[PDB]
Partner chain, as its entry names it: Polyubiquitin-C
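Below you'll find only one chain, the form solved without the partner chain, shown as structure tokens.
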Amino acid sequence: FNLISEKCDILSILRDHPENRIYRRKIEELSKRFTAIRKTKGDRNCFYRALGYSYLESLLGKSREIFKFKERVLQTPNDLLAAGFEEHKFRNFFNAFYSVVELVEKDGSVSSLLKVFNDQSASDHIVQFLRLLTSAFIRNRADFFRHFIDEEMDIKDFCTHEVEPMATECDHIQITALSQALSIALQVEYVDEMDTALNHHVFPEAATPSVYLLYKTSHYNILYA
């Protein structure tokens, strides 16, 4: 369980910040709202890897929601082609993601899903697919990322350098784009060392979340309500 850990009690993360009054306060407050956490490996890929696992885990046993998600995933090669990606270069990554979606439908266990996301090969193929889909979704909507995010920003260079490569860290643009590309509603809780309120943001702003993530010391961990 080196990439995505077993579930632990929320207060178990006090030991990560011993004798720290702000982190202790904020972790105690978090424990009032959430019961459990899973840790992710801090390798630069942890947003993609956490969102992918947590969203697919939330679909287990839900036959209509699985059917509708699979229908969207089958169309994602068209998003990649429209942005200039070539099929023979994304085939291996697309097939690895479609395979894990079929696993959620056919096998339906947490144990089988966690084993795929802890297999370095399968899990890194899934992450690479998610990064290429993020890139494509931004490229195909460049005026929207420039109008609402980014008036002065160079979109194509941003995607080349800060989205497509393995181990590149995320900001609001990548989170917004991947949420929109797969129709995933997520809430991110922020725990920093300033003496401020514990606070969160929802992507998209409207939504009732499927997935909760904790952003602390540059890492995205998975929370359970």
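Positions refer to the first chain, counted from 1.
Asks: As stated in the PDB record, which stretch has the larger average Cα B-factor, 85-93 or 112-120?
Replies: Mean B over CA atoms: larger for 85-93.
Asks: With respect to the recorded C-alpha B factors, which stretch has the higher mean value, 45-53 or 27-35?
Replies: Looking at the recorded C-alpha B-factors, 27-35 comes out higher on average.
Asks: Between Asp157, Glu65, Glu164, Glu189, let me know which has the highest C-alpha B-factor in the entry?
Replies: So the option with the highest C-alpha B-factor is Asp157.
Asks: Name the third of the chain's ranked CA B-factors that contains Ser183, choosing lowest, middle or highest.
Replies: Answer is middle: the recorded C-alpha B-factor places it there.
Asks: Lowest, middle or highest third of the chain for the C-alpha temperature factor of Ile149?
Replies: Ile149: CA B-factor falls in the highest third of its chain.
Asks: Within this chain, which third does the Cα B-factor at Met194 fall in: lowest, middle or highest?
Replies: Top third by C-alpha B-factor.
Asks: Looking at the C-alpha B-factor of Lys106, is it in the lowest, middle or highest third of its chain?
Replies: Its C-alpha B-factor belongs to the highest third of this chain's values.
Asks: Classify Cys170 as lowest, middle or highest third according to the C-alpha B-factor given in the PDB entry, relative to its own chain.
Replies: For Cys170, the deposited C-alpha B-factor lands in the highest third.
Beyond what is shown, the protein has a form solved in complex with the partner chain; the following relates to that form.
Asks: At 4.5 Å between heavy atoms, is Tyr190 in contact with the partner chain in the deposited complex?
Replies: Heavy-atom contact with the partner chain at 4.5 Å: present for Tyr190.
Asks: Considering non-hydrogen atoms and a 4.5 Å limit, does the partner chain approach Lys89 in the deposited complex?
Replies: Flag for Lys89 set to no.
Asks: Would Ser183 count as a contact of the partner chain in the deposited complex, using a 4.5 angstroms cut-off between non-hydrogen atoms?
Replies: No, no contact at 4.5 Å.
Asks: Even though the partner chain is not shown here, does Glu71 get within 4.5 Å of it in the deposited complex, heavy atoms only?
Replies: No - in the deposited complex, heavy atoms of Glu71 and the partner chain never come within 4.5 Å of each other.
Asks: Which one, 103-111, 79-87, 143-151, 116-124, holds residues whose non-hydrogen atoms are within 4.5 Å of the partner chain in the deposited complex?
Replies: Partner-contacting stretch among the options: 143-151.
Asks: Pick from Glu29, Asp171, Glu164, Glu65: which residue has any heavy atom within 4.5 angstroms of the partner chain in the deposited complex?
Replies: It is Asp171 that has a heavy atom within 4.5 Å of the partner.
Asks: Ok, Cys159, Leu178, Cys46, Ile37: which has a heavy atom sitting within 4.5 Å of the partner chain in the deposited complex?
Replies: Spelling it out, the residue with a heavy atom inside the cut-off is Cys46.
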